[PDB]
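As you go down the protein sequences, you meet chains G, H, D and Z in turn. The first sequence begins at 50 in full-length UniProt numbering and counts up one residue at a time. The second sequence begins at 61 in full-length UniProt numbering and counts up one residue at a time. The third sequence begins at 2 in full-length UniProt numbering and counts up one residue at a time. The fourth sequence begins at 2 in full-length UniProt numbering and counts up one residue at a time. Just so it is clear, CB atoms sit at the ideal spot from N, CA and C, and this is done for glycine as well. The structure under discussion appears below in the form of structure tokens.
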Amino acid sequence: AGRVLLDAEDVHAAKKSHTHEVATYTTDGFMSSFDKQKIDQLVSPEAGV
Amino acid sequence: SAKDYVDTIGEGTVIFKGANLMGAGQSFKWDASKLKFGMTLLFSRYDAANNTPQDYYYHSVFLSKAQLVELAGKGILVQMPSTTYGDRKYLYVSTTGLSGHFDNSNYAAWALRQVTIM
Amino acid sequence: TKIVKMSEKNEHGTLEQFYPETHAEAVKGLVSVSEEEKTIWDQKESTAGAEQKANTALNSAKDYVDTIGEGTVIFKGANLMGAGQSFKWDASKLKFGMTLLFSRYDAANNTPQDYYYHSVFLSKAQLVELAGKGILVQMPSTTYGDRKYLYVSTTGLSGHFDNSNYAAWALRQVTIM
Amino acid sequence: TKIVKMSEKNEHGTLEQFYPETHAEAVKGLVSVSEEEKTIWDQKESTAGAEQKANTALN
Ligand SMILES: [Fe+3]
Numbered sequence: 050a051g052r053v054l055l056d057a058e059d060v061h062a063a064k065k066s067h068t069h070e071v072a073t074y075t076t077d078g079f080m081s082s083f084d085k086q087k088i089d090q091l092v093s094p095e096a097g098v
Numbered sequence: 061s062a063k064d065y066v067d068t069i070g071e072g073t074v075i076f077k078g079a080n081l082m083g084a085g086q087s088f089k090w091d092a093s094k095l096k097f098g099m100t101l102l103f104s105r106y107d108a109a110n111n112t113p114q115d116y117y118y119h120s121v122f123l124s125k126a127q128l129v130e131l132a133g134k135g136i137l138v139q140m141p142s143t144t145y146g147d148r149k150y151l152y153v154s155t156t157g158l159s160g161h162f163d164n165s166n167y168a169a170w171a172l173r174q175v176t177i178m
Numbered sequence: 002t003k004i005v006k007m008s009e010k011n012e013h014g015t016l017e018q019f020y021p022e023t024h025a026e027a028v029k030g031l032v033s034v035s036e037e038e039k040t041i042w043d044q045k046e047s048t049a050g051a052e053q054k055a056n057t058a059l060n061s062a063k064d065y066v067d068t069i070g071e072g073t074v075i076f077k078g079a080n081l082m083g084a085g086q087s088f089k090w091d092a093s094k095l096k097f098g099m100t101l102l103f104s105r106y107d108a109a110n111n112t113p114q115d116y117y118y119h120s121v122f123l124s125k126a127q128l129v130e131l132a133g134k135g136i137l138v139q140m141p142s143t144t145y146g147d148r149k150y151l152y153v154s155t156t157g158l159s160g161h162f163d164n165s166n167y168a169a170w171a172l173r174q175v176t177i178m
Numbered sequence: 002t003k004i005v006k007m008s009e010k011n012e013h014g015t016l017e018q019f020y021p022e023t024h025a026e027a028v029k030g031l032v033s034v035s036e037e038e039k040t041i042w043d044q045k046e047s048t049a050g051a052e053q054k055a056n057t058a059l060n
């Protein structure tokens, strides 16, 4: 009661600035920065015949 | 905040956890700013026929930041324990990342268990 | 307190409240400001200034951490570490430890090619015990051998009269951090 | 309302202005200083006072 300060905690909600764990071999999650750093440099397959 | 910063540098962030022969073609890249001290590589025993990463006979190597700068994209040879001398591993290392070589496929009995940064 | 709102009756029969003129010395319970401590309270210290100073201390600590992490290269180049070769530095500069790099070499053309590098690390706790007494490092090669014996201490390292025999390899760089 | 200087008739036949004796709460818009906030403001922090704390944290 009184002056009540409500944030995402007392409602058990995710923060606006929140991040999930990176995906593992058996877990689903964010894609890691170095995963993309490996992906982009990986040249696309060459289409010949 | 300073304590948290130094501790987070010390504990490091895993770059790759799993197992692979680290042969020709495979490579890993990262932002250079993530490197503050160096890189660490952990290897283990492997099975060529079964392709399952046995967990024993590990071997660790550590490369510092100054050595990393001096070895920008250069070659490093790491020997590993065995019943007989051989089964070396060749890697191309750099401050931004690492690569492989077409000799680690010959020595399929051992594989790069993991690589971490700190 | 007994506060009276003094007023006056205008000749029309209307009422007008008025404020008499007074002196600061007449008012009771004034608690005045002497105009001198006002500037003192003006100087003081603001929240933003303290936040900036704390952030400056934090980023100075971060810069210290980065500098100690990157380290100083004591030697870079190529050397066989034969008899008489030795490197020296300052103990206070030694913070975490030392790293040494080796690579291939030929006594024939004296050209230190860049491949087959080997790395070795020695922490400060490793180095204090290892004061004077040397270590043996075996680097990868086709045939077993080709070792280096180095009297590595917490302030200086040296060579030995065995490394000349194994001239196929050479020390590349030694760094402290 | 109007602000007035109010004077009495001194026996030499003159008008002498006199300031009535008032109290702090009697005057409007006084901006009160509690005589306790003065000590608090005096304590606060000097500019050099919050410098050795940061230097100590860095050390
Ligand atoms: Fe989400």
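For the putative contact between residue i and residue j, defined by C-beta atoms under 8 Å, what is the C-beta separation to the nearest angstrom?
i      : j      : result
Z/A58  : D/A58  : 5 Å
H/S120 : H/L102 : 5 Å
H/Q86  : H/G160 : 5 Å
Z/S47  : D/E37  : Contact doesn't hold; Cβ gap of about 16 Å is too wide.
Z/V32  : D/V32  : Contact doesn't hold; Cβ gap of about 11 Å is too wide.
Anything in chain H within Cβ reach of residue i, meaning under 9 Å, just list it in chain order.
i                      : result
residue 183 of chain D : Given that chain D is displayed from residue 2 to residue 178, the structure contains no residue 183 of chain D and the question cannot be resolved.
D/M82                  : Simply none; closest approach about 17 Å.
D/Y117                 : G135, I136, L137, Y150
Drop a sphere of 10 angstroms on the beta-carbon of residue i, count the other beta-carbons inside from all chains shown, and report buried for 16 or more, exposed for fewer.
i                      : result
D/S124                 : exposed
H/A92                  : exposed
D/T100                 : buried
H/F162                 : exposed
D/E130                 : exposed
residue 33 of chain G  : Beyond the ends of chain G as shown, which are 50 and 98, falls residue 33 of chain G; an answer cannot be given.
G/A50                  : exposed
D/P141                 : buried
D/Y116                 : exposed
residue 113 of chain G : Outside the shown range of chain G, which is 50 to 98, sits residue 113 of chain G, and nothing can be said about it.
H/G83                  : buried
D/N56                  : exposed
D/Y118                 : buried
D/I4                   : exposed
D/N164                 : buried
H/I75                  : buried
Can you list the residues of chain H that residue i reaches, using a CB-CB cut of under 7 Å?
i      : result
D/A62  : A62
D/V66  : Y65, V66, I69
D/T112 : Simply none; closest approach about 16 Å.
D/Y145 : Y145
Keeping to the same chain, check which residues put their C-beta closer than 8 Å to that of residue i; ignore five residues upstream and five downstream.
i      : result
H/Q114 : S104, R105, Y106, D107
D/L95  : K125, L128, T155, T156, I177
H/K63  : none
Whose Cβ in chain H lies nearer than 8 Å to the Cβ of residue i?
i      : result
G/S82  : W90, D91
D/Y106 : Within 8 Å Cβ-Cβ: nothing; D/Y106 doesn't reach chain H, min ~14 Å.
What in chain G is Cβ-close to residue i, meaning under 7 Å?
i     : result
H/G78 : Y74
Find the residues of chain G that neighbour residue i, judging by a C-beta separation of less than 8 Å, and give them in chain order.
i     : result
H/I75 : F83
Cβ closer than 7 Å: which chain D residues qualify as neighbours of residue i?
i      : result
H/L172 : Near H/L172 there are no residues of chain D at all, since even the closest Cβ is about 16 Å away, more than 7 Å.
Z/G30  : None at all; the shortest Cβ gap to chain D is about 11 Å.
H/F97  : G70
Please list the partners that residue i has in chain D, where partner means a Cβ-to-Cβ separation under 8 Å.
i      : result
Z/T2   : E17, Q18, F19, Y20
H/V121 : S120
H/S124 : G72, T100, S120, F122, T176, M178
Z/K6   : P21, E22
Z/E52  : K54
Keeping to the same chain, check which residues put their C-beta closer than 7 Å to that of residue i; ignore five residues upstream and five downstream.
i      : result
H/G133 : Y152, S154
G/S81  : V71
D/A168 : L81, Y106, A108
G/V53  : none
Z/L16  : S8, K10
D/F122 : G98, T100
H/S61  : none
Could you pull out every residue in the same chain whose Cβ sits closer than 6 Å to the Cβ of residue i, ignoring the five residues on either side in sequence?
i      : result
Z/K10  : none
D/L158 : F88, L151
Z/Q18  : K6, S8
D/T2   : none
I want to verify the contact list: residues of chain Z whose CB lies under 8 Å from the CB of residue i, in sequence order.
i                      : result
D/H24                  : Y20
residue 183 of chain D : The requested residue 183 of chain D does not occur in the structure, where chain D is confined to residues 2 to 178.
D/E36                  : Those within 8 Å of D/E36 in chain Z number zero; the least Cβ separation is about 13 Å.
D/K45                  : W42, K45, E46, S47, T48
D/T57                  : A55
Quick one: which chain Z residues come within Cβ less than 7 Å of residue i?
i     : result
D/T40 : In chain order: nothing, as chain Z lies at least about 12 Å away.
Does the structure place the segment 132-151 of chain D close enough to the segment 59-79 of chain D that three or more beta carbon pairs sit under 8 Å? Counting Cβ pairs under 8 Å, fewer than three are found: no touch.
Would the segment 155-175 of chain D count as touching the segment 73-85 of chain D if we require 3 or more Cβ pairs under 8 Å? yes
Okay, do the segment 16-32 of chain Z and the segment 19-38 of chain D touch, 3+ Cβ pairs below 8 Å being the bar? yes
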